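Chain naming follows the written order as A, B, C, D, E and F, and within any one chain the residues start at number 1.
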Amino acid sequence: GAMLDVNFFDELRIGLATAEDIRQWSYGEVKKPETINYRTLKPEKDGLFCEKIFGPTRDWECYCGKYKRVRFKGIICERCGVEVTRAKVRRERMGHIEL
Amino acid sequence: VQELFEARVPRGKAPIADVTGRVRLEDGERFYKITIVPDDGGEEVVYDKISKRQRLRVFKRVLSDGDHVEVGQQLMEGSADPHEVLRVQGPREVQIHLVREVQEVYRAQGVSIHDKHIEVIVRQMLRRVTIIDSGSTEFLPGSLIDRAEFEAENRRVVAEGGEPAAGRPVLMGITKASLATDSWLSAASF
Amino acid sequence: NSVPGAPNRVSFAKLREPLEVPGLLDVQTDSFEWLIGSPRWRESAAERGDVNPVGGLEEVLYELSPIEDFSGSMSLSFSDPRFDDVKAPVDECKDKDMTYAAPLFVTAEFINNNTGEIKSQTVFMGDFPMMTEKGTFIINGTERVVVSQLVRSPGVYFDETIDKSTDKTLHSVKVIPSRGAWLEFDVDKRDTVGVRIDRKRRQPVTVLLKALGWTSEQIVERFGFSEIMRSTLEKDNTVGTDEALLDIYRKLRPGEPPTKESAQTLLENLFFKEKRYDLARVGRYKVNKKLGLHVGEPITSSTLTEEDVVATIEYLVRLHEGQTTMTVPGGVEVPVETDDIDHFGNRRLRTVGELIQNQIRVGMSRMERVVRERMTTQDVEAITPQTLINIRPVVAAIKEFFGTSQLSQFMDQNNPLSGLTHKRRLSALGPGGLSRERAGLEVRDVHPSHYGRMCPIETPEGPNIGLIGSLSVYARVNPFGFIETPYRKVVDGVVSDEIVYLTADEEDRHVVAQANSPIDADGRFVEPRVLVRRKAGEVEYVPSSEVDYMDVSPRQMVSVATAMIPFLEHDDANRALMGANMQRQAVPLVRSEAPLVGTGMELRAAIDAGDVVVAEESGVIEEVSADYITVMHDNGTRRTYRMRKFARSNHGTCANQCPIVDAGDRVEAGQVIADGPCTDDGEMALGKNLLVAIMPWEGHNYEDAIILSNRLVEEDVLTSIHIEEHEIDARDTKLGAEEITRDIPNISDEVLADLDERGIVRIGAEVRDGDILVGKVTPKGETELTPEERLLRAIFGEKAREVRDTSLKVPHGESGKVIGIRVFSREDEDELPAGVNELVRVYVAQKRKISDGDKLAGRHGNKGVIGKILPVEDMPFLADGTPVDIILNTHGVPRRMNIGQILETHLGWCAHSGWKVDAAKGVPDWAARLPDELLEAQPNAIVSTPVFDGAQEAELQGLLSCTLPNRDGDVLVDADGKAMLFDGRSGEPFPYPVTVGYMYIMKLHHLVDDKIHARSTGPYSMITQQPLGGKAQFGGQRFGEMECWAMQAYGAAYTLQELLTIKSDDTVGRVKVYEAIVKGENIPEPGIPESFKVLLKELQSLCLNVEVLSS
Amino acid sequence: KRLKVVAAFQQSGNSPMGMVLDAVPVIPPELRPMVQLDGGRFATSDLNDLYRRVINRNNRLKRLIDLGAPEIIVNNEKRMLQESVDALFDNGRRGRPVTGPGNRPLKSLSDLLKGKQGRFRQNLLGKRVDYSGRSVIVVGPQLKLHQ
Amino acid sequence: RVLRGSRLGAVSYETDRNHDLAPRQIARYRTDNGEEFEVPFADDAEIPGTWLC
Amino acid sequence: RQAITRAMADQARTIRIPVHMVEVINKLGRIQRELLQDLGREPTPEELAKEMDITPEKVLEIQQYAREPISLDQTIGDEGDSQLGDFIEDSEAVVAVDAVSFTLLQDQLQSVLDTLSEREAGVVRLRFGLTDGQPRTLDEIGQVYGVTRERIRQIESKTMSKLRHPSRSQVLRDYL
């Protein structure tokens, strides 16, 4: 396996994914049919855009706004729950639905 | 050109013989019943539905009854399907026929293509072989695998399990052979 | 001739044609005033019978009326539509971007059956757009033109398709109606029929026959002479008429338990009730003509009949048997034959009235459904037609037609020929028509019925050949939708003057003579063996007594834009196609000189195009100016004609209008009073007249390139205006509202000197590429500050300036003066979309010169870009110092078969220099048929050789031998048409004489400034990370698939890796590449593209464990 | 023809359990963005409707099971859940496609791959590049051959 | 002519430093079915009792 | 009917809108339909606010809230190969010249601060957080150097006067 992908490749093996691998890729169970707030235009909690699940919309900032510096990096806020990191991790983080 | 590279059956499919001997040329009612008398003691191969709109092949004069024809001689006029010339005249002669038939098209416009540009494509057609006897090594009848892979395991499986597979050369078109590749990622794009 | 203020354009024609050209926009105006129901249309239809004339609106409202509920206890009527005036005139609507509408008013009527009432109101039906006097509608400010459309006529059809496995001709019939359900009576591979009522599954005809109410005995005494129907009679296999109804119900409807009551009522509700099956009036007339049922009665009862069905089956089985005729019981006999779809007897023309009528009908269906719904839910003794009626689906259907449809297109105006050819344009695509991918190859070709109804030349030449055509010149549309064509009738060989308009069918009934036939000036031909056209499109030599119809003239089979090519009969069809297509892409120049040699179609095609102000009534001129002409009529009243100066067209070109009348002149009705964009003194003028040599010159005119002199750049000969329109709007946001002002943050006061005190620029300021046009600043909000920006602000003391600049800047590669400023504001109470307070539009204009790269063309498909603009000294001058203007190339002439340009060149030199033949010993022999007052002509005199009856070779050669000299006695051009040039560059004479003359070339709308386009780094896309595409943005070129094949075939792997990684998608790589180029280091190694990771995330998202492995 | 797939499942280290599914993954929201334009006209990405239908029917099924209902309601809800997941993975496969406003079928998750508009056919069709440009061409009869 | 879009997210530009960061603890949370998860909380911060895993 | 209308208020929209806003939006739509059928034209928003006993800016807010989103999977141009999402400029992207401008500005800032002394550059960097991203105060600077806060403030004002020179600061002036 390789999750950083620094330009050295030999094989691209496809395979049928199971329930354990599906709930092991995921960063949280999405459990509400909400996308965005209609008034303040921010992502809802536990929705299809939730910053707790997928990550922060703004670079190096939590949702409640407590941490805003690069010095706080790799940590998770105690209140809002968003891991402070870059805003390109919303491109890559996946979630799962429990049927 | 496209019906030659796809190895489809043609429209004006003139038949071919299978063995030497004089012909039992018979022009029936509204369609011909061409039978061939073999040179040696053999069966007389009958060709059923040869319509009168097809024409007699002219060679060396016009065709006559009792003409001692060759092995893979084209019977009527038209274009033989290359599947039948493979099964009759082996793998060498079909390469001679497939190049010369395509190169007859491009000469009508005075277009010059060297034959090695066509011999690359014809090489990709006859890479695989059919399986009629599975032997004892992970095989199934009707499968078309590579010639270089069918023989290489048969180099080893003749010892400790010596039931060799029975292979035969097959001719498949470009659209068929492009799908059966070893990389799923390339064949996904097709 | 027959136009009062006409320039004297002397003609070369020999034939005296009887019939003048009709109104060129009647194909629009007659159809729209048929739809309205104008009194002019009322008397026009009363001119030829039609004792009950009805408009489109009253026809729709009569086929809707009455509306009834499920009980029949209440009914709604509809009657008497009437219009108001238009709410706002034309120029005000085009200014304020309102549509050009007028209200409808319809007297509805509600009748209560139980207790007895009427309730008569005057229901406002909705606003309704109206056609102007040029055949154009106005939608939201723009100018839209509804294109006509060819469809297949409803009726019966017949064909056979032989299968070679069967070797039998298998017939078929498709009775295709309008708005109905299909049904067929095929013949299978066996000797049995196949009846596919609406397309579930095949069936025998005995099932439908016994289901219709027929016995085997009536089957035998009606169908009595075919083994096919006798074998299906013995193979009927289902006994029982009610059993036949049950079998029909069980076959047509799946998954439903059959019943004997509703099945018999279903079949009458499917094919004989005139509310869910309506073959139109045209279709009923076509069927009654084909089978001969109704021979003298008016066409009513738009549903089918069982007599027509059994006559169809009898016709099919007798065509399968093979006959020449058949009479039906009770009707006249008819010939038995198959049918052709591409014939113009089966291909009618759904014009603009038919299209608007169909949209109004499909709106009124939903309005009727809403009425039928709320007829029950409402309470009685309280409701009224004001309460029952919802006009919003009707007005939504109209507004959804005029915008956002295929047939409603922008008016193609960059010269008045282009508007005239965007109207009268016949297509086969669009709704109700065949798709482009589903277009058969046979429908693209020219059927022999197209002679006089559609031009076989003018059509687009992309992947749309033959799908789009234009009308002919003398053509005309029937009330039914078929295309008429005039013909001179001829009795006993004496050609009369009775002009009879034929359609395709009765054209095929007769035999048709030739236009240019030698008539003895008494009505009769001089030879018995005349060219003629037979029934099936054959060409014969008939004796001159069977001829019963002649053409009116030549150029009948040609379009308008193709009839403006001199010497068309010498050009090939492909190059004439290219010439007629490129004749309407010409741009309006600033001087607009009339052509020397032309046809006689310029004057009519200009004064019918509507871009020329015509004097409405005869009178005397009171006052001219640059802006208006006021005439004084014969009785007191005055009228002022407001010109349009520098109005923007739909494609950026200019639309000036200058007068041509003086102060004290006297005008007549129909006389031209003001020029248009591309007009000179009344007639069309799309280009200029230029001296031309045909030598190949130093490889600069290699492979259709053109070189020019510098005189055309110096003297503004090929220069044109171009007007562009910019727009910005100050919306409202969450954080506040954007404001239009001068206080732009972080911008120097040096570039803020142009614009005035309120933000916008002032009229007359010349702008470069990238200057500020409208000052606009938006609120932005609060962000954190980087320490370096904080320290620079602490050092310099500049404030935060929390508002963000998003101003309006002129895009790349544009310049020019500023003509006009139009500003709409919320405080001045105009209509605007929601949340927009200020809309401001700036009009920038520039004066584009000619340049190398720009595209020029003649009138014969001889296009080509400008290769070089030489100075005036090194250009091969004539024998007396005159330099030539353009230099064409020889090798492009003979292999394209368009020596019409050579004949135009010779006749242009003759028409420039002026000739005078010598009638001392009488007229010379070559000029015997040459008409009078062409024996001598002044220099710079115009002429007109018409399309198919023009100059001849002997006439042109003898006229070219006598071509009187210029200033000194020096005939510069000898008898072959050539001259002894001098090389302007070296100095020696060219050793052989070169063809010279005066051509007519035009400047096209493919200028370089709209095409040159570059990008280093600009805007990127959002979903994918590729650079954006298009000249409107910065835009990058598509490095496609075959280019990747070429880069693989070279072996250059590194360039392909770069082009697919660090120039498109490597998001962390692009900034490093730009940094490495700026700092001057080596370009770093490329990474994984974004598209591959997107593919990986999708495959992981689709429950597929895709894994990358190394070792 | 059955021993093909039976030996396919036997020979590899796979298992046939994954053809029934118990947890559905969610593609990241940057690949299905809800971007606003100038003026607040929002632009969704047409997979959010499918995900919303799956979430709604799953939550309703959970509420019905916790409530306790007769078998007809629970079987109808489970059938609707199954059809929602089917429309999410491939719209238009089983019967009529789930359509949006104006009878337009929604671009499902499999429609990003197949067809002329898929990821594969585009990625073989080629990308757009920086550092490029075009213009009309004219003849250059004074240049040398490498110019 | 051109239409622009914007996701509602600010984009900064800084240096991804790996050396000097704010230090942080790690706490283990336990679910019902024996699952363990480790959450890096900040130092000057209250450790909440329950936490959605 | 209560449960069906409640579910239609909840789940029939892409972005979620609460129940009272759905009720006033449907009221606004019904009143606009009635005034369209009565007046014959589109009503003025001030007349709608007069009818609904509210303010016209509230009418505009409700009309802003009522706008449903458009989809990104249709064909904008004539050819269907051009989808809608391939004409959207990502305005929140990296301009790729400001980034290298920021790096060059950081390098010039480092050189300019190196043209001062050690203590001056130290107190300016610790004042503005130039090295870690944390703006300390004069108490922390006087703690790390062992002097009063007022001496640190005097040194800071002296250095700010030193940097405010044309010779020392034209190269930084050109960066804004």
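A few notes on this one:
To be clear about the criterion, a residue touches a chain if its C-beta (ideal position, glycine included) is under 8 Å from a C-beta of that chain, and two chains touch if they have at least 3 such contacts.
In terms of the stated touch criterion, the partners common to chain C and chain F are A, D, E, listed by label.
Steps from chain C to chain D, minimised over paths through touching chains, total 1. Of all chain pairs, the one linked by the largest number of contacting C-beta pairs is C-D.
Ranked by distance of CA centroids from chain A, the top chain is B.
We define each chain's centre as the mean of its Cα atoms; on that basis chain D and chain F are separated by 32 Å. For this pair, chain A with chain B, the centres built from the Cα atoms lie 59 Å apart. Centre to centre, using the average C-alpha position, chain A and chain C are separated by 54 Å. Taking each chain's centre as the mean of its C-alpha atoms, chain A lies 10 Å from chain E. The set of chain F residues touching two or more other chains comprises 11, 14-15, 64, 72, 85, 87-90, 93-94, 99, 102, 132-133.
Taken residue by residue, chain C touches two or more other chains at 835, 1017, 1022-1023, 1028-1029, 1033, 1070, 1097, 1100-1101, 1103, whereas all remaining positions touch fewer. Residue numbers of chain B whose C-beta contacts span two or more other chains: none are found.
Under the contact rule defined at the top, the touching pairs of chains are A-C, A-D, A-E, A-F, B-D, C-D, C-E, C-F, D-E, D-F, E-F.
Across the complex, chain D is touched by residues 15-19, 22-23, 25-26, 30-33, 35-36, 41, 48-49, 54, 90-99 of chain A. Those residues of chain A that touch chain E in the complex are listed here as 41-42, 57-61, 67, 69-78, 81, 86-87.
In the complex of the two chains, the chain F residues touching chain E come out as 87-94, 98-99, 102, 132. Those residues of chain C that touch chain D in the shared complex are 698-700, 702-703, 705, 731, 835, 852-853, 855, 865-868, 1006, 1008, 1011-1017, 1022-1023, 1026-1029, 1036-1041, 1043-1044, 1059-1060, 1063-1065, 1070, 1091, 1094-1095, 1097-1098, 1100-1103.
The residues of chain F lying in touch with chain A in their complex are 11, 14-18, 21, 65, 132-134.
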